[PDB]
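A closer look at the structure
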Amino acid sequence: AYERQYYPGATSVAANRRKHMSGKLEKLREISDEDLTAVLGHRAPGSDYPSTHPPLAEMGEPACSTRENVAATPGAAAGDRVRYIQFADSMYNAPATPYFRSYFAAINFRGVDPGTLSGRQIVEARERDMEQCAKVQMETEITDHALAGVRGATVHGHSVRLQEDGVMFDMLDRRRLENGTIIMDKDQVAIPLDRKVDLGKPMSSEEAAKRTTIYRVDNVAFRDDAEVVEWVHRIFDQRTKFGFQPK
Amino acid sequence: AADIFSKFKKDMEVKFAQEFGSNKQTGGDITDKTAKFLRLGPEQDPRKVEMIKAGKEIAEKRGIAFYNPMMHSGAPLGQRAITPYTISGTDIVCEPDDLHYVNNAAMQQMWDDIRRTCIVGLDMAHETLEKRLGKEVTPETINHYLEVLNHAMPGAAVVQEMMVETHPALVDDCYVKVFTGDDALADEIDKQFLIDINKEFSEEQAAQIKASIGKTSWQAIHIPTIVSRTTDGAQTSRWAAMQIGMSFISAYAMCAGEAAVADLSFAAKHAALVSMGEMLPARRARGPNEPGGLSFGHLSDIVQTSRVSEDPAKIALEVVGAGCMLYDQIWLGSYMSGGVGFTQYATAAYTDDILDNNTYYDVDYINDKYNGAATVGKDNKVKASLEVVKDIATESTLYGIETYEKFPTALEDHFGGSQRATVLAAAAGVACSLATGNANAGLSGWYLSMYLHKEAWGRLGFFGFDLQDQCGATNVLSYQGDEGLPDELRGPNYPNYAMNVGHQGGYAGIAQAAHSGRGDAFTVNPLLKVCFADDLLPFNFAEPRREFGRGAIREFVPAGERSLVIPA
Amino acid sequence: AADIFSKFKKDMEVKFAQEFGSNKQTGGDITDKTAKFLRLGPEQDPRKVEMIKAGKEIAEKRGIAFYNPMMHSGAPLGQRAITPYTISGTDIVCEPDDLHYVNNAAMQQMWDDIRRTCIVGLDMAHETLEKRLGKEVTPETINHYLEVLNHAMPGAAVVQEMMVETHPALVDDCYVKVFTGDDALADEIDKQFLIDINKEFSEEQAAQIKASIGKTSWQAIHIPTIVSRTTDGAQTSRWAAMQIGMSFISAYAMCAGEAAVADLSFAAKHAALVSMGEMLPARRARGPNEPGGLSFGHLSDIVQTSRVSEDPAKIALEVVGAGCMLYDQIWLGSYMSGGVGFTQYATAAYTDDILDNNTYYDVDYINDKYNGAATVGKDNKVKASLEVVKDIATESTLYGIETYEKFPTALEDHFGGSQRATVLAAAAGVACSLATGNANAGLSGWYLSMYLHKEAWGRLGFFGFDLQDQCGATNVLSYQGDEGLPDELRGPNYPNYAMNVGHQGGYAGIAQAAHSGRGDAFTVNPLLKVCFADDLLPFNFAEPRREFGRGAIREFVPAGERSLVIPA
Amino acid sequence: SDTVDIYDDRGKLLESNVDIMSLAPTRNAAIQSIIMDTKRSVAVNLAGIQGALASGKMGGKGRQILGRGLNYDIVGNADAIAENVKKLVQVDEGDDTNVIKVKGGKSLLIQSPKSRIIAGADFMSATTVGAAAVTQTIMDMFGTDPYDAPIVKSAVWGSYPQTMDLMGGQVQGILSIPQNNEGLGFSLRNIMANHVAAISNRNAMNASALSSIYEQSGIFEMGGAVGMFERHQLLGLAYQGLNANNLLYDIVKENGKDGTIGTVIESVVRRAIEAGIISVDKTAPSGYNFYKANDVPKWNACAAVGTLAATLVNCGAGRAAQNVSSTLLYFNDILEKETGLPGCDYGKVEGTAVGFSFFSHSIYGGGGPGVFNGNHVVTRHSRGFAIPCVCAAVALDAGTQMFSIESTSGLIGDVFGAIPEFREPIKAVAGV
Amino acid sequence: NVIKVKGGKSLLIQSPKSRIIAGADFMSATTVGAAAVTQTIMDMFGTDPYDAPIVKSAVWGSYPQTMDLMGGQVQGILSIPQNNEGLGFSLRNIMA
Ligand code: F43
Ligand SMILES: C[C@@H](OP(=O)(O)O)[C@H](NC(=O)CCCCCCS)C(=O)O
Ligand SMILES: O=S(=O)(O)CCS
Ligand SMILES: O=S(=O)(O)CCS
């Protein structure tokens, strides 16, 4: 029986990376089912999930061992559309970094299609399955809602200087600090919501620095986590050697 | 190095801490992590205002919708500050839009000057005249041939009666010069036709070129830009061959169309032709002399900085700039896609002295740790190894990352992860090439940078940025058929490289760096190095980055315009 | 027919019997077999004088030899008379040099207008939004999408912050319109975006088009000429697809980059794309939308004369003119060779009403012998046979030959046998197509004309003129893999046709003639026919020959010039 | 001497103690039979020809030649046409020529005798002779006038030879045309993923099996399996492609109910340690164990199996093809971070997956997983270890794609899916 | 069959028929031949991994930047398949 170790390193950043990868994330706030559906913007809150094809139980499936041995998710079974949740995360110590959101999704959720980019990270999945993953990302420490933002388009901000109130720039102003709490009053493609969503009080810069999976020279320097630099060196060496001759 | 670091900081001050147009960025500390975003929209930028006005008027005039910033989702461009770019190594401050290739005649002309150029040997042609016709080829007959050729090449007649011809005013950029590794012949060539290798290159570099090509003679042909623009790259070698054939017929009193002429044709079109680049496979089908066929070594040799500078980093950096512009803005950003395209994917590597800062830091690090290995020399280089690559590339990348982190202005500047990846990896790769004299050690450094970058920030580039970078380290020293290749011979059609921005210009700089560190005359082809050692070409290939700046400020005069035949 | 014969004779008078410039051709009978040759040289022609002066000054300025008529073997051009050309069907008298494509903005723009154009279906993209996202597509969402698209397509941003964009003043010729065989949808499209099939075509032709394409909707995309000139033809479909993708993302509030977007990409780039032409094999390697891939039916449909004329001969003759210009002057005369090129190989088919004379004689002959078979109709045609081809093509060729013999001016005009062969065979082929409604009966007539021509004069064309013509008759009705093909689907890459001047424009006219004689809306592709039924394009595809004349008199305004960013 | 036991798609033992060298495309009779049949066979759409003849719609998108209509009952004469086509396609009486009527006469399977492939440089004779046979047959059967011959010809051949292919024609094979090859030895890699899934009848593991056979036959023709690289590629073919030792099946099964990309990594690393293929090289201060591969080609094969197993689990759970691009990326990326060992193909599966993800989620090109193939610029880079997963992913899709199997590969699946060795490739290679 | 010709200045490399039987076309003769020579030189002369690209391109030339082995040292009687103008043309691409 193999116990996964996930990631090297012995700093707070490496420890936080293992927390994200293993899905051991502290719940910090609550979002209702309807508010989650509202911010995602794929259907009216509380409405039935639209479908892209009939339920598996209705149309039937080919009989092969994989379909028999691999259980379809509730979203696949229902024939849901594949929809998404996408985040931008500030490089100024947002808890999340793009690759580690994707690892979080790949390791802890079934039937997911994560994508990593510098300014955006996305999980595509059958809509109801996606909402399960979305809820954890919205509620737990993997997201600070000042330093991050749910953005399905026009994502610019991850590398831009922070606003003086500690909130990451949004071209389309979907969420901001109001009375010491983060309010989101548009969905992730910036269509105004009927009801604004309280995404809770932001982390202090101090707490963000402790919870972040990003290295920075003025918090926890990458150079100082020798194990992770060595890991890179070992992967590099081995890839180079085995490309010449796999021995 | 200190001077470049000061230049980088000045760039950040100009870009972020003093107003550009009406963006109201009237002050600030370039190390500050925070900023105020004014939500001014596109009107903060005078070029954008000009574009909006033109878009409105043209839409009204032509009767169908056109440029309109309000069609942008959510809000128009410029909700944060629209800020300028300074061309690296210069004080030329540019409107961002003026660096889009469509808006920049210098950028378009650099490509036209490459596209409309090929090199054709003379020796085979002369052997043909000697063997088949019994003709005696002398300096006199060659000089007469060259004057006939420089009449014929732009599109003028030498044999038939009742010919129409191209208007000289439309094709004034078309000409043919010659060069030769035979010093005795070079002394006899009418100087108006000669690219003098002994004059244009240092004694060491001239020796390398002449030893490489031997006592052989070559034509540097540049066909009309207006023709290149009407047609394509594959036009070039055909155009050159037609008028070479006509000029041999006329100058040597051959039958105007005999069997021996066909040998001159095959010599000019195939046997003694050197193209800028070769054809591309079906999915990206293109004939010769298109950007995808242009090997990284060939671009390094078209760029003339190696001839006029003794600074190996400067030489590499000019090639990076030229390559990022051509390969990303015109090739990948237009030929292979289009639209708004990839201006700033490229500008990150030739503006605001950020790449230069990382690179010159590396040079000092290498010189300090490796007994001046980054200074010009062939016998002061470090043996390429995994150890040396890991040392230099890791140090390079850590410094570059720390600079982005200590200067939030630099991070906002290169806002895309791909831009930062290109800069960090280019510096690391160029550094490894400089220290080792091994271009593929440079490639290894490039890929190691990407790997360190990814783990440092938990992000790298865009969705498909590191297809080649994850295939990268393992394919550097592979000798498998479609994997192995020296970087000098690699290019945009090397399978891993065939798609994605942010790389090809860097690889060209890495190829160049391996040879500039050695003081080599060329990176892979002396024929191209000499061909473009010529100030008559409209684009100054010795200063490609600065040329882009001259284009931005509308002081670059291109060839190929049609105002002569256009109404008032 | 009488009126065209009078135009022909008038053209001979203008060309030969009244002096042009200072050529001193002040009199003479156009049937005279003799002339005096004054040995005046190039100075007899005012354009040549202008060119000489320009070449002299530019050579002096740039410091290397240039245009100089004295470099011509033996003597400079014009030891006989340099005489003008009149564009057929017009009174536009041209300087011969002004009809070289390099010197003619109308010719260059015609190619650019074809090169920068592609057609992309909307239905599959709409089905993608429906199925994957559950989107409802309405005329409202389509009209919004189209306005977003016409902002985005020229090179402007709709999603990202901090984008640079193409200057609207440089790309004002770029736009996207739509057309649809769904009348109900057509009624709801904002008219600024619509190519109205019912408005632009007669009711019969509109019915044929709508029956052909069904209730399907299409985008007619024309990307910027400045981009087309910087890049190539294979650029066009990529450019179109990029901005179609961005506009669907923006207009329908998709994720800016999700799996469904890739389906839109494949649809735009492959599954719902109609190119002007397909890629070419390795020896003449080129991607899509180059002249070699442009089938004869496709050119016939790009040319818009069929829509605005009821004269089947006129419609075929305009396609011949457009084809001879494009295929011989730009394609074979530049892309595939270059230099002075093939201006007069092409002008022979669209100047001095010689081809028109032979063709209209044929129309009268056919109508008188075959109960008006050359008048517009589908049920009045003669069954294609060796009998009918032999009758029409023999009569056509004998008349044309005898006209060259009765008017020595006509013979001296078309001084090359290839020119005469193109004219005689085009007339005979168009005639056979008009009479039968069978384009390959037209091809048979073309080849028979060549065979009769050869035996009549003991000569035909240039050295390799009749490679395809000796392969011709036998390959017309072959059904072997690389031999058989309807003329409508043939093009410059049909193996026999791949090399030689004086044919491809004729074959295009022959393809058109089979369908113009029937009154057909199109020759092979309704999508191209409707795409170019649009007066916003700078080139008037309804009258290509006259447009070449507008270009010769410097009254054609091209797109894609860079004046805005060039210094004064 | 590396041997494996071959298990089928349902995890049942087929053959024990099979030398992996016997599985080489260059030695294996079943694989060579699949290659020969792929080379020598084409599908002809008879209903398409009939429609093209009647309407003039031939030669490409939008094309129609007006006024040249021929009303031939092609489909109603399908049996007589098949018979005459066989007479023309065959080289000797009673040879291995096979012409079969498909879908009630709407299409034909035309299998040239192997003699045409033996006497040919490549595989295009199947297309050219097939098209010629059909063209001649229609010309004779319906008494076409010579001046209508061009119409009958192009109904079958489309725009060839103006185009390089039979664009807008009615003849298709599993392969493309040789000129579409990006590299040398790439012909058998230019097979659309939707084709393979169609032929497999949407059986995921048989799809990845057949794809593996094609891909490795390509790598072998590329000269990418010479010397030490032969064992390297054959371990991959055996384990990832042919379910060697039931490893693929067992890993999928134990992760099938609740498994993710992440749990498949646990299965792969646990089994690799159990087999002695990898062991701890060094333990860092944090407790992190850096591993070393004791058999590098075998470790690569473990990673190859894991990549496919993760695809079957993650695409299987979603019944969605698109999950394959991220699966290939993150299985290998996360595997490297778990172990300190390089992922499959030493980064090249991960790399392929990065661009493959991008070009299946962006504006720039590509498309859904089904359009990709080993000759595609996006997905060529890995040495055969990525595309088999793509074929399996496409097979598992329940209906999320615009460019589905039916859309692109309906004719191919109908014409070729009935060939036993093609539909059951693991059983074919095992010798049943 | 591998034969030394011209006193060792060149080799004839004939692949076994099995490589042609298992192949779609004929390029396996070139790629396997070149791969065999490349591997043999790498081993025989103890080439350091960072010099492997130089040994490889001495044999393969500019492949895979070019579609052919341009500037390499391997030739056959045929060309490469992508140079075919038509379908079935490979055996026709042999210069006189
Ligand atoms: C719509 C897509 C999906 C796709 O396939 N391509 C896009 C868009 C496309 C469009 C954007 C133009 C427009 O706004 O209409 C163009 C210009 C290509 C074109 N069609 O001309 C482009 N990308 Ni993109 N794109 C870019 C970038 C990026 C970076 C931006 C990150 C940030 O924080 O701002 C991210 C990827 C990443 O996170 O790494 C990115 C994504 C995307 N890129 C996401 C949209 C993301 C968003 O919603 O904002 N681009 C860059 O990082 C720099 C270069 C820059 C390109 C323009 C230029 O080079 O000047 C542009 C290049
Ligand atoms: C993949 C391929 O596209 P297709 O899948 O064939 O449609 C290819 N495009 C590109 O590689 C475009 C690259 C430049 C734009 C993205 C840069 S990161 C091409 O058009 O030939
Ligand atoms: O967002 S994507 O990485 O697909 C495109 C970057 S320009
Ligand atoms: O004289 S040749 O027929 O070879 C060339 C005609 S332009």
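Residues numbered from 1 in each chain as written, not as in the entry; some residues may be left out. Chains lettered and ligands numbered in written order. Part of a larger assembly, values for the part shown. Heavy atoms only, no water. Residues with missing side-chain atoms left out of burial classes, pairs and counts.

**A look at the overall build of chain A**
When helices and strands are counted, chain A shows nine helices and seven strands. Relative to the compact-globule value of 18 Å for 247 residues, chain A shows a C-alpha radius of gyration of 20 Å, a close match. Counting only C-alpha atoms and orienting by the principal axes, one finds that chain A spans roughly 55 × 55 × 30 Å. Across the 247 residues of chain A, 69% fall into the buried class. When contacts within chain A are restricted to residue pairs at least 6 apart in sequence, long-range pairs at least 24 apart make up 65% of them. Surface accessibility of chain A: about 8,000 Å² in total, with carbon and sulfur atoms responsible for 48%. A distance of 5 Å separates the average location of the 34 positive side-chain charges in chain A from that of its 37 negative side-chain charges. (Helix = DSSP H or I, 4+ residues; strand = E, 2+ residues; numbered from the N terminus. Rg over C-alpha atoms; globule rule 2.2 N^0.38 Å. Buried < 20%, exposed > 50% of the residue type's maximum accessible area, 1.4 Å probe, protein only. Contact = heavy atoms within 4.5 Å. Areas by Shrake-Rupley, 256 points an atom, 1.4 Å probe, with all protein chains shown as cover. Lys, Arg positive; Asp, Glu negative; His and termini not counted. Charge placed at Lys NZ, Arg CZ, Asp CG, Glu CD.)

**What about the coordination of the nickel atom of ligand 1?**
Residue and element names in this part refer to chain C. In this structure, the nickel atom of ligand 1 receives exactly one donor atom from the protein: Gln 160 (OE1), at 2.2 Å. Coordination at the nickel atom of ligand 1 is octahedral, judged from the six donor atoms that bind it and the angles of 80 to 173° they form at the metal. Here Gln 160 is to be found in the loop between α5 (139-152) and β4 (175-180). (Donors = N, O, S within 2.8 Å, 3.2 Å for Na, K, Ca; no water. Tetrahedral: all angles 85-135°; square planar, octahedral: opposite > 155°, others 65-115°.)

**Description of a negative patch on the surface**
A surface patch of negative charge is lined by A:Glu164, A:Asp165, B:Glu13, B:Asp29 and B:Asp32. Mapped onto the fold, B:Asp32 is located in the loop between α1 (2-16) and α2 (46-62). (Patch = residues over 30% accessible without salt bridge, like charges linked within 9 Å, V, L, I, M, F, W, Y side chains within 5 Å. Salt bridge = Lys/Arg side-chain N within 4 Å of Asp/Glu carboxyl O.)

**A look at the site of ligand 4**
Residue and element names in this part refer to chain C. In the neighbourhood of ligand 4, the contacting residues comprise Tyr 345, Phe 462 and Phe 463. Within the contact set of ligand 4, an oxygen atom lies 2.7 Å away from a backbone nitrogen or oxygen of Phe 463. In isolation ligand 4 exposes 270 Å². Once the protein is present, 54% of that is buried. (Near = heavy atom within 4 Å. Polar contact = N/O pair within 3.5 Å; in protein donor to acceptor, adjacent residues only side chain to side chain.)

**Description of the sheet that holds strand β3 (residues 117-121) of chain C**
All names here are of chain C. Within the open sheet, the four strands sit side by side as β4-β5-β3-β6. Their pairing is antiparallel. On the outer flanks of this sheet lie β4 and β6 (273-274), each paired with one strand and no other. The pairing of β3 with β6 spans two bridges and is classified as antiparallel. Looking across to β6, one finds that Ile 119 is bridged to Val 274. (Pairing = 2+ DSSP bridges.)

**Some words on the UniProt feature "binding site: coenzyme M" in chain D**
As recorded in UniProt, the feature "binding site: coenzyme M" lies at D:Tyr364. Secondary-structure assignment places D:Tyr364 in the loop between α14 (348-358) and α15 (387-396). (UniProt positions renumbered as here; feature names shortened; annotations may be inferred.)

**Description of the sheet that holds strand β6 (residues 171-172) of chain D**
Residues and elements named next belong to chain D. What the four strands build is an open sheet, ordered β4-β5-β3-β6; its pairing is antiparallel. Every other strand in the sheet has two partners, leaving β4 (98-102) and β6 as the edge strands with one partner each. Sitting on the sheet, helix α1 (residues 29-40) touches β3 (41-45) and β5 (107-111), and the angle it makes with β3 is about 35°. Contacting β3, β5 and β6, helix α5 (residues 125-141) runs over the sheet at an angle of about 35° to β3. (Axes fitted to C-alpha atoms, helices over the stretch in contact; angles between N-to-C directions.)

**Some points on the interface of chain B and chain C**
Taken residue by residue, the interface counts 111 residues in chain B and 110 residues in chain C. Taken together, the elements giving at least two residues each to the side of chain B that touches chain C come down to α2, α3 (105-115), α5 (139-152), β4 (175-180), α9 (225-230), α10 (235-251), α14 (312-335) and α15 (343-347) of chain B. Sorting elements by how many residues they give to the side of chain B that touches chain C places α2(B) first, with eight residues. Considering only residue class, the side of chain B that touches chain C consists of 56 nonpolar, 32 polar and 23 charged. (Nonpolar A, V, L, I, M, F, W, Y, C, P; charged D, E, K, R; others polar.)

**Looking at the side chain of A:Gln86**
Within the fold, A:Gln86 resides in strand β1 (residues 82-89). A polar contact is formed between the side chain of A:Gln86 and the backbone oxygen of A:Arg151, at a distance of 2.8 Å. A polar contact of 3.4 Å, which involves the side chain of A:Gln86, links it to the backbone oxygen of A:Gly152. Among all residues touching A:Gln86, those that are not within four sequence positions of it are A:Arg120, A:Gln121, A:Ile122, A:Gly149, A:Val150, A:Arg151, A:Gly152, A:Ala153, A:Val155, A:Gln188 and C:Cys255.

**Describing the UniProt feature "binding site: coenzyme M" in chain A**
As annotated in UniProt, the feature "binding site: coenzyme M" corresponds to A:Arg120 in the numbering used here. Structurally, the position occupied by A:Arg120 is in the loop between β2 (113-116) and β3 (121-126). Excluding anything up to four places from it in sequence, A:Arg120 contacts A:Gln86, A:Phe87, A:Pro98, A:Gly115, A:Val155, C:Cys255, C:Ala256 and C:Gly257. In terms of polar contacts, A:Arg120 uses its side chain to reach the side chain of A:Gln86, at 2.8 Å.

**Looking at the UniProt feature "binding site: coenzyme B" in chain D**
Residues given the UniProt feature "binding site: coenzyme B" here are D:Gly366. On the secondary structure map, D:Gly366 appears in the loop between α14 and α15. Here D:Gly366 falls in the buried class, since its relative accessible area comes to 10%. What D:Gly366 contacts, discounting residues up to four positions off in sequence, is C:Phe266, D:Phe359, D:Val371, D:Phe372 and D:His376.

**A look at the interface of chain B and chain D**
Contacts between the two partners involve 27 residues from chain B, matched on the other side by 32 residues from chain D. Of all the secondary structure elements, the ones that give two or more residues to the side of chain B that touches chain D are α20 (439-457), α21 (467-470) and α22 (472-476) of chain B.

**Examining helix α15 (residues 343-350) of chain C**
All names here are of chain C. Counting buried positions along α15 gives seven out of eight residues, so the element sits mostly inside the fold. Among the residues of α15, those classed as buried are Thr 343, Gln 344, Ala 346, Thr 347, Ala 348, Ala 349 and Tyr 350. Residues of α15 that are buried make contact with β1 (85-86), α3 (105-115), α14 (312-335), α16 (354-369), α19 (417-436) and α25 (544-552). A positive phi of about 65° marks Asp 352, the residue just after α15.

**Quick look at the site of ligand 3**
Lining the immediate surroundings of ligand 3 are A:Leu117, A:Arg120, B:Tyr345, B:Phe462, B:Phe463, D:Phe358, D:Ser362 and D:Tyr364. With respect to ligand 3, its neighbouring residues span chains A, B and D. One nitrogen or oxygen atom from the side chain of A:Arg120 is found 2.8 Å from an oxygen atom belonging to ligand 3. Backbone polar atom of B:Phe463 to an oxygen atom of ligand 3: 2.7 Å apart, as the coordinates give it. Across the complex, the protein chains shield 84% of the 270 Å² of accessible surface that ligand 3 would expose by itself. Class assignment of the residues belonging to the shell around ligand 3 gives a composition of six nonpolar, one polar and one charged.

**Focus: the environment of A:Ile107**
Mapped onto the fold, A:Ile107 is located in helix α6 (residues 98-108). When near neighbours in sequence (up to four residues on either side) are disregarded, A:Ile107 contacts A:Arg4, A:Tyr6, A:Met21, D:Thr260, D:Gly262 and D:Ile334.

**Re the packing of aromatic side chains**
If you walk through the whole model with that rule in mind, you get 68 aromatic pairs over all chains. Connected via pairs of aromatic rings, a cluster forms that spans B:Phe296, B:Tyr327, B:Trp446, B:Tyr447, B:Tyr494, B:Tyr497 and B:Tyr507. One cation-aromatic arrangement involves B:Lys454 over A:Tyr99; the distance from NZ or CZ to the ring centre is 4.1 Å. (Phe/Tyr/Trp six-rings, centres within 6.5 Å; stacked < 30°, edge-to-face > 60°. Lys NZ or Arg CZ within 6 Å of the ring centre and 35° of its normal.)

**Overview of the pattern of salt bridges**
What the rule picks out here adds up to 105 salt bridges over all chains. A salt bridge links A:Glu68 to D:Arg10, with the nearest nitrogen and oxygen atoms 2.7 Å apart. Here A:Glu68 is found in helix α4 (residues 65-69), whereas its partner D:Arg10 is found in the loop between β1 (3-7) and β2 (13-19) on a different chain. Put simply, B:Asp534 and B:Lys177 hold a salt bridge, and the shortest N to O gap is 2.8 Å. Of the two residues, B:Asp534 is situated in the loop between α24 (526-531) and α25 (544-552) and B:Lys177 in strand β4; the sequence distance between them amounts to 357 residues. Summarising the burial analysis for this pair, B:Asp534 and B:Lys177 share the class buried. What emerges from the salt-bridge pattern is a single network uniting A:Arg239, B:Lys454, B:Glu455, D:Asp333, D:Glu336, D:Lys337 and D:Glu350.

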